[PDB]
$ cat query_16.cif   # mmCIF, C-alpha atoms and all ligand atoms
data_start
loop_
_atom_site.label_atom_id
_atom_site.label_comp_id
_atom_site.auth_asym_id
_atom_site.auth_seq_id
_atom_site.Cartn_x
_atom_site.Cartn_y
_atom_site.Cartn_z
CA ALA D 265 -159.48 141.02 -1.07
CA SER D 266 -162.86 142.48 -0.07
CA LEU D 267 -165.49 141.05 2.30
CA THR D 268 -167.49 140.11 -0.82
CA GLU D 269 -164.53 138.32 -2.45
CA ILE D 270 -163.76 136.34 0.72
CA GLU D 271 -167.43 135.45 1.30
CA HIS D 272 -167.68 134.28 -2.34
CA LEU D 273 -164.54 132.17 -1.86
CA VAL D 274 -165.97 130.54 1.28
CA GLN D 275 -169.11 129.69 -0.70
CA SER D 276 -167.19 128.25 -3.66
CA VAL D 277 -165.07 125.97 -1.44
CA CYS D 278 -168.05 124.73 0.58
CA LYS D 279 -170.12 124.11 -2.55
CA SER D 280 -167.24 122.17 -4.18
CA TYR D 281 -166.85 120.00 -1.09
CA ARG D 282 -170.61 119.27 -0.96
CA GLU D 283 -170.71 118.24 -4.61
CA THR D 284 -167.63 115.98 -4.33
CA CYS D 285 -168.42 113.81 -1.31
CA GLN D 286 -169.10 110.22 -2.30
CA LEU D 287 -171.32 109.60 0.73
CA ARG D 288 -173.73 111.93 2.55
CA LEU D 289 -172.98 112.58 6.22
CA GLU D 290 -176.61 111.90 7.24
CA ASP D 291 -176.43 108.42 5.66
CA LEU D 292 -173.05 107.69 7.28
CA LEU D 293 -174.47 108.62 10.72
CA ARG D 294 -177.62 106.52 10.29
CA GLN D 295 -175.53 103.49 9.29
CA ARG D 296 -173.33 103.51 12.43
CA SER D 297 -175.07 100.46 13.97
CA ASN D 298 -174.51 98.46 10.74
CA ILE D 299 -171.25 96.79 11.75
CA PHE D 300 -169.53 93.85 10.03
CA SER D 301 -170.13 90.58 11.91
CA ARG D 302 -167.25 88.48 13.24
CA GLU D 303 -167.82 86.15 10.24
CA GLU D 304 -167.34 89.05 7.80
CA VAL D 305 -164.26 90.48 9.56
CA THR D 306 -162.88 86.94 9.24
CA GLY D 307 -163.58 86.92 5.47
CA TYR D 308 -161.59 90.12 4.99
CA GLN D 309 -158.70 88.79 7.05
CA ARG D 310 -158.90 85.55 4.99
CA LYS D 311 -158.10 87.43 1.76
CA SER D 312 -154.56 87.46 0.38
CA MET D 313 -152.44 90.61 0.62
CA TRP D 314 -152.95 91.10 -3.11
CA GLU D 315 -156.73 90.54 -2.91
CA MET D 316 -157.13 93.09 -0.13
CA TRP D 317 -154.85 95.61 -1.86
CA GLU D 318 -156.77 95.25 -5.15
CA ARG D 319 -160.04 96.16 -3.37
CA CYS D 320 -158.55 98.97 -1.28
CA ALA D 321 -156.54 100.38 -4.20
CA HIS D 322 -159.74 100.67 -6.27
CA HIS D 323 -161.60 102.45 -3.43
CA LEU D 324 -158.67 104.81 -2.89
CA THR D 325 -158.48 105.54 -6.64
CA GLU D 326 -162.16 106.55 -6.60
CA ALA D 327 -161.63 108.66 -3.45
CA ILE D 328 -158.68 110.40 -5.11
CA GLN D 329 -160.79 111.06 -8.23
CA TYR D 330 -163.38 112.83 -6.04
CA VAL D 331 -160.55 114.94 -4.55
CA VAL D 332 -159.44 115.87 -8.08
CA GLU D 333 -163.01 117.03 -8.84
CA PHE D 334 -162.95 119.00 -5.56
CA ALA D 335 -159.74 120.75 -6.70
CA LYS D 336 -161.13 121.48 -10.18
CA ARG D 337 -164.17 123.26 -8.71
CA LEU D 338 -162.06 125.27 -6.21
CA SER D 339 -162.03 128.93 -7.30
CA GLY D 340 -158.46 129.66 -8.46
CA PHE D 341 -157.13 126.11 -8.88
CA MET D 342 -157.78 125.77 -12.64
CA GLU D 343 -155.93 129.08 -13.11
CA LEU D 344 -152.70 127.52 -11.82
CA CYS D 345 -150.44 125.97 -14.47
CA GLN D 346 -150.81 122.27 -15.36
CA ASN D 347 -147.50 121.32 -13.69
CA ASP D 348 -148.56 122.92 -10.39
CA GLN D 349 -152.07 121.44 -10.46
CA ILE D 350 -150.47 117.99 -10.77
CA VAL D 351 -147.76 118.68 -8.16
CA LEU D 352 -150.41 119.75 -5.63
CA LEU D 353 -152.70 116.78 -6.32
CA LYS D 354 -149.82 114.27 -6.18
CA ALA D 355 -148.63 115.64 -2.81
CA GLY D 356 -152.03 116.28 -1.21
CA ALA D 357 -154.84 114.09 -2.60
CA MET D 358 -154.21 111.23 -0.17
CA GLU D 359 -153.86 113.68 2.71
CA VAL D 360 -157.32 115.04 1.79
CA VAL D 361 -158.74 111.48 1.71
CA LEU D 362 -157.34 110.89 5.24
CA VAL D 363 -159.04 114.05 6.53
CA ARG D 364 -162.28 113.15 4.68
CA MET D 365 -162.16 109.77 6.47
CA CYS D 366 -163.34 111.32 9.76
CA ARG D 367 -166.78 111.73 8.14
CA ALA D 368 -166.90 107.96 7.70
CA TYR D 369 -165.31 107.28 11.11
CA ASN D 370 -167.20 106.37 14.30
CA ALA D 371 -165.24 107.41 17.39
CA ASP D 372 -167.63 105.44 19.68
CA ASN D 373 -166.32 102.07 18.48
CA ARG D 374 -163.29 103.04 16.32
CA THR D 375 -164.80 101.84 13.02
CA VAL D 376 -164.74 103.16 9.45
CA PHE D 377 -167.46 102.79 6.79
CA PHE D 378 -165.98 100.40 4.23
CA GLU D 379 -167.80 98.48 1.47
CA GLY D 380 -171.24 99.20 2.95
CA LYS D 381 -170.68 98.55 6.68
CA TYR D 382 -168.60 99.76 9.64
CA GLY D 383 -165.47 97.86 10.64
CA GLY D 384 -162.45 98.34 12.89
CA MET D 385 -158.82 98.50 11.80
CA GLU D 386 -158.66 94.69 12.07
CA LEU D 387 -160.63 94.55 8.77
CA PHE D 388 -157.39 95.55 7.01
CA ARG D 389 -155.09 92.90 8.52
CA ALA D 390 -154.31 91.22 5.17
CA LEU D 391 -152.63 94.44 3.97
CA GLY D 392 -149.88 94.24 6.61
CA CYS D 393 -148.49 97.60 7.77
CA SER D 394 -150.63 97.25 10.94
CA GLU D 395 -148.85 100.12 12.71
CA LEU D 396 -149.67 102.52 9.85
CA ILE D 397 -153.36 101.53 9.75
CA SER D 398 -153.49 102.01 13.53
CA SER D 399 -151.90 105.45 13.13
CA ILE D 400 -154.51 106.31 10.47
CA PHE D 401 -157.33 105.25 12.80
CA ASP D 402 -155.75 107.28 15.66
CA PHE D 403 -155.64 110.28 13.34
CA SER D 404 -159.39 110.10 12.58
CA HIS D 405 -160.01 109.66 16.31
CA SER D 406 -158.15 112.90 17.06
CA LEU D 407 -160.03 114.74 14.29
CA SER D 408 -163.35 113.43 15.63
CA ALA D 409 -162.78 115.26 18.94
CA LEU D 410 -163.01 118.58 17.03
CA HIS D 411 -166.60 117.90 15.84
CA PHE D 412 -165.98 119.48 12.41
CA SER D 413 -168.89 120.85 10.44
CA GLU D 414 -168.81 120.14 6.71
CA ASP D 415 -167.94 123.77 5.88
CA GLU D 416 -164.95 123.49 8.26
CA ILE D 417 -163.76 120.25 6.62
CA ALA D 418 -164.22 121.93 3.21
CA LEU D 419 -162.05 124.93 4.11
CA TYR D 420 -159.48 122.85 5.99
CA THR D 421 -159.07 120.35 3.12
CA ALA D 422 -158.70 123.22 0.60
CA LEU D 423 -155.67 124.37 2.63
CA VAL D 424 -154.27 120.82 2.87
CA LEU D 425 -154.30 120.80 -0.94
CA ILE D 426 -153.20 124.38 -1.70
CA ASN D 427 -149.79 124.23 -0.03
CA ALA D 428 -147.21 126.63 -1.49
CA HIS D 429 -144.30 124.64 -0.01
CA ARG D 430 -144.72 121.45 -2.05
CA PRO D 431 -141.37 120.71 -3.74
CA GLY D 432 -141.61 120.93 -7.52
CA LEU D 433 -143.94 123.94 -7.84
CA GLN D 434 -143.10 126.31 -10.70
CA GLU D 435 -145.34 129.27 -9.84
CA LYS D 436 -144.63 129.45 -6.11
CA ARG D 437 -145.96 132.96 -5.40
CA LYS D 438 -149.16 132.36 -7.40
CA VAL D 439 -149.84 129.29 -5.21
CA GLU D 440 -148.81 131.40 -2.18
CA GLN D 441 -151.50 133.93 -3.11
CA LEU D 442 -154.24 131.28 -3.48
CA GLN D 443 -153.15 129.65 -0.21
CA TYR D 444 -153.33 133.04 1.49
CA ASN D 445 -156.83 133.80 0.19
CA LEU D 446 -157.86 130.36 1.51
CA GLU D 447 -156.22 131.18 4.86
CA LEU D 448 -158.31 134.40 4.94
CA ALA D 449 -161.44 132.44 4.05
CA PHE D 450 -160.87 129.76 6.73
CA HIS D 451 -159.98 132.29 9.48
CA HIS D 452 -162.98 134.43 8.49
CA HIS D 453 -165.40 131.50 8.65
CA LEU D 454 -164.05 130.43 12.06
CA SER D 455 -164.24 133.96 13.55
CA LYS D 456 -167.86 134.45 12.40
CA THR D 457 -168.91 131.08 13.90
CA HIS D 458 -166.75 131.57 17.04
CA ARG D 459 -164.68 128.46 16.26
CA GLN D 460 -161.14 129.96 16.21
CA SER D 461 -160.15 127.49 18.94
CA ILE D 462 -159.82 124.66 16.40
CA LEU D 463 -156.82 126.38 14.74
CA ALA D 464 -154.52 125.35 17.62
CA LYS D 465 -155.94 121.81 17.60
CA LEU D 466 -155.49 120.94 13.89
CA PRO D 467 -152.86 118.23 13.25
CA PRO D 468 -149.60 119.57 11.72
CA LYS D 469 -148.74 119.14 8.00
CA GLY D 470 -145.97 116.68 8.92
CA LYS D 471 -148.46 114.41 10.70
CA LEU D 472 -150.65 114.05 7.57
CA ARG D 473 -147.65 113.31 5.32
CA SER D 474 -146.36 110.52 7.60
CA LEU D 475 -149.69 108.70 7.16
CA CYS D 476 -149.36 108.46 3.36
CA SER D 477 -148.08 105.06 2.22
CA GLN D 478 -145.46 104.63 -0.51
CA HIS D 479 -147.82 102.03 -2.02
CA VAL D 480 -150.55 104.66 -2.41
CA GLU D 481 -148.14 107.08 -4.12
CA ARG D 482 -147.20 104.35 -6.65
CA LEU D 483 -150.83 103.85 -7.76
CA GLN D 484 -151.42 104.52 -11.47
CA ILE D 485 -154.03 107.16 -10.61
CA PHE D 486 -151.18 109.61 -9.96
CA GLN D 487 -150.10 109.20 -13.62
CA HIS D 488 -153.64 109.79 -14.88
CA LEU D 489 -155.02 112.79 -12.96
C1 LIG D 501 -157.18 103.21 5.93
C2 LIG D 501 -157.40 102.33 4.65
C3 LIG D 501 -156.00 101.84 4.14
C4 LIG D 501 -155.10 102.95 3.53
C5 LIG D 501 -153.61 102.72 3.59
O1 LIG D 501 -152.89 103.50 2.99
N1 LIG D 501 -153.14 101.67 4.30
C6 LIG D 501 -151.71 101.39 4.38
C7 LIG D 501 -151.35 100.31 3.34
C8 LIG D 501 -150.92 99.04 3.76
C9 LIG D 501 -150.60 98.06 2.80
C10 LIG D 501 -150.71 98.34 1.43
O2 LIG D 501 -150.39 97.35 0.49
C11 LIG D 501 -149.26 96.45 0.61
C12 LIG D 501 -149.48 95.34 -0.45
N2 LIG D 501 -148.60 95.41 -1.64
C13 LIG D 501 -148.47 96.75 -2.28
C14 LIG D 501 -147.44 96.70 -3.43
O3 LIG D 501 -147.82 95.69 -4.38
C15 LIG D 501 -147.89 94.37 -3.80
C16 LIG D 501 -148.91 94.34 -2.63
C17 LIG D 501 -151.13 99.62 1.02
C18 LIG D 501 -151.46 100.59 1.97
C19 LIG D 501 -158.23 103.03 3.48
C20 LIG D 501 -158.52 102.08 2.27
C21 LIG D 501 -159.86 102.51 1.62
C22 LIG D 501 -160.11 103.89 2.26
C23 LIG D 501 -161.52 104.56 2.09
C24 LIG D 501 -161.96 104.73 0.60
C25 LIG D 501 -163.14 105.66 0.42
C26 LIG D 501 -163.62 106.51 1.35
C27 LIG D 501 -164.83 107.38 1.01
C28 LIG D 501 -164.73 108.87 1.46
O4 LIG D 501 -166.06 109.41 1.37
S1 LIG D 501 -166.30 110.86 0.96
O5 LIG D 501 -167.78 111.07 1.11
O6 LIG D 501 -165.64 111.76 1.90
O7 LIG D 501 -165.95 111.04 -0.43
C29 LIG D 501 -164.14 108.99 2.89
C30 LIG D 501 -162.83 108.16 3.05
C31 LIG D 501 -162.99 106.63 2.75
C32 LIG D 501 -163.95 105.97 3.81
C33 LIG D 501 -161.56 105.97 2.80
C34 LIG D 501 -160.90 105.94 4.23
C35 LIG D 501 -159.55 105.17 4.32
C36 LIG D 501 -159.62 103.71 3.74
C37 LIG D 501 -160.54 102.80 4.63
#
$ encode --input "query_16.cif" --output "structure tokens" --more "lines below"
Ligand SMILES: C[C@H](CCC(=O)NCc1ccc(OCCN2CCOCC2)cc1)[C@H]1CC[C@H]2[C@@H]3CC=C4C[C@@H](OS(=O)(=O)O)CC[C@]4(C)[C@H]3CC[C@]12C
Amino acid sequence: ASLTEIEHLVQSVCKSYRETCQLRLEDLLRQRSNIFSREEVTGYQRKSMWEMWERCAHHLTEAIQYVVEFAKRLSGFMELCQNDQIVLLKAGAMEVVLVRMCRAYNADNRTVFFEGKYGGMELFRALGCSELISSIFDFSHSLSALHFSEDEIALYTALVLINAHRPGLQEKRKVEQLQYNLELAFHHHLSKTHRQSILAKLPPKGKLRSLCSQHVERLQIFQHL
């Protein structure tokens, strides 16, 4: 790859990310003081497990659909075979959503933007799996310490998705090549902006995977990508 190719790849990834965010960062930041009242937190906790899962499942489906659009606009992804596109999305879409969450996360009070306001992990009590939700909130907290720019999140999430070690891939070296060009792009961007230090601070692949619920993987969205 040339300097021109790598610079064009950086631009493509960052443009795709920009066009596939549901919410604008500036709006998310302005809304930080808009926190659910105790009455509203109560209302969420009052819902049945099913009622809460129906709401959350829909929001996650939408989030996943934005990740799919992100992938489609990523230079090189649509050139991979259909099997591999699907394998990568199945294994990585939720991981991308969990990274994207830090944009909607407020480290100051440990809240996430959800249905129009900020709320803590106690909003999600009716779902059960309290340890997992805590672990998810802890994960966003750790990511928040890095102070990612949007271009950084864009390049990092591209690499979360384009992982040549996902079991079930049928063009392994082709995915390896795209992954490598994305590695070049990410490392390039970080060197030029003097941000190489974040490489050592990024959570490992295994960490992201452990945060993905079985219940998410069973959502019908994964049969209709
Ligand atoms: C953390 C939360 C829970 C996830 C989870 O997995 N919890 C474990 C669990 C527990 C029980 C369960 O259910 C059992 C009940 N059973 C199941 C079997 O059937 C019977 C009932 C299922 C799962 C999720 C839910 C919604 C997620 C938001 C959805 C959308 C966005 C927008 C996006 O903006 S953008 O600009 O970037 O695009 C940024 C991200 C953000 C903020 C998301 C952030 C994350 C959130 C809060």
$ closest_residue --input "query_16.cif" --among "D:343, D:379, D:386, D:333" --to "residue 306 of chain D" --atoms "all atoms listed in the file"
D:386
$ residues_around --input "query_16.cif" --residues "residue 369 of chain D" --least-positions-apart "6" --cutoff "12 Å" --atoms "only C-alpha atoms" --output "ChimeraX atom specification"
/D:289,292-293,295-296,362-363,375-378,381-385,400-409,411
$ closest_residue --input "query_16.cif" --among "D:272, D:429, D:364, D:482" --to "ligand LIG 501 (chain D)" --atoms "all atoms listed in the file"
D:364
$ residues_near_point --input "query_16.cif" --point "(-148.5, 96.4, -6.9)" --cutoff "9 Å" --atoms "all atoms listed in the file" --output "NGL selection string"
:D and (314 or 317-318 or 479 or 482-483)
$ residues_around --input "query_16.cif" --residues "segment 463-478 of chain D" --least-positions-apart "6" --cutoff "7 Å" --atoms "all atoms listed in the file" --output "PyMOL selection string"
chain D and resi 358-359+396+400
$ atom_distance --input "query_16.cif" --atom1 "atom CA of residue 305 of chain D" --atom2 "atom CA of residue 393 of chain D"
17.4 Å
$ residues_near_point --input "query_16.cif" --point "(-150.8, 114.7, -3.9)" --cutoff "12 Å" --atoms "only C-alpha atoms" --output "count of residues only"
40
$ atom_distance --input "query_16.cif" --atom1 "atom CA of residue 418 of chain D" --atom2 "atom CA of residue 373 of chain D"
25.1 Å
$ atom_distance --input "query_16.cif" --atom1 "atom CA of residue 392 of chain D" --atom2 "atom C31 of ligand LIG 501 (chain D)"
18.4 Å
$ closest_residue --input "query_16.cif" --among "D:310, D:279, D:367, D:436" --to "ligand LIG 501 (chain D)" --atoms "all atoms listed in the file"
D:367
$ residues_around --input "query_16.cif" --residues "residue 419 of chain D" --least-positions-apart "4" --cutoff "7 Å" --atoms "only C-alpha atoms" --output "list in words"
residues 277, 278, 415, 423 and 450 of chain D
$ closest_residue --input "query_16.cif" --among "D:428, D:267, D:285, D:446" --to "ligand LIG 501 (chain D)" --atoms "only C-alpha atoms and all ligand atoms"
D:285
$ axis_aligned_box --input "query_16.cif" --around "segment 422-428 of chain D" --padding-each-side "3 Å" --output "JSON"
{"center_x": -153.0, "center_y": 123.7, "center_z": 0.6, "size_x": 17.5, "size_y": 11.8, "size_z": 10.6}
$ closest_residue --input "query_16.cif" --among "D:365, D:316, D:265, D:299" --to "residue 380 of chain D" --atoms "all atoms listed in the file"
D:299
$ closest_residue --input "query_16.cif" --among "D:389, D:302, D:311, D:337" --to "ligand LIG 501 (chain D)" --atoms "all atoms listed in the file"
D:389
